[PDB]
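To keep things clear, I will list the structure first and then write my remarks on it.
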Amino acid sequence: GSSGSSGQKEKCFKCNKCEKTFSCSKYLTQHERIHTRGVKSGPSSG
Ligand SMILES: [Zn+2]
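Heads up: the sequence shown begins at 1 in the entry's author numbering, then just goes up one per residue.
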C-alpha cells in the first residue's frame, strides 16, 4: 500500500562528465558537446 503521491513535475538536467546542473534541456544536450576529445585547429595547426 505504498501508492499515492506521484508525479514527475520537478525536473533537473545534470550533465555526466562535468555533472553541471542546468535549467533547460536544449542547453544541456548541446553543452554535452563541449566534451569531445579531438579538436582540429586547437593547440596547433598540425
Ligand atoms: Zn558537461
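By construction, the Cβ of each residue, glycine as well, lies at the ideal position given by its N, Cα and C atoms.
Q. According to DSSP, which residues form a beta bridge with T21?
A. Answer is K14.
(Q) Taking 7 Å as the cut-off, is the beta-carbon of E10 closer than that to any non-hydrogen atom of ligand 1? (A) The answer is no for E10.
Q) Does DSSP put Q8 in a helix, a strand or coil? A) The answer is coil: DSSP assigns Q8 none of H, G, I, E or B.
Q | Nearest candidate by alpha-carbon position, reference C18, set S45, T36 and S41 | A | Out of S45, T36 and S41, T36 has the C-alpha closest to the C-alpha of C18.
Q. Is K14 closer than 8 Å to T21 when the C-beta atoms are compared?
A. Result yes, Cβ atoms of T21 and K14 sit closer than 8 Å.
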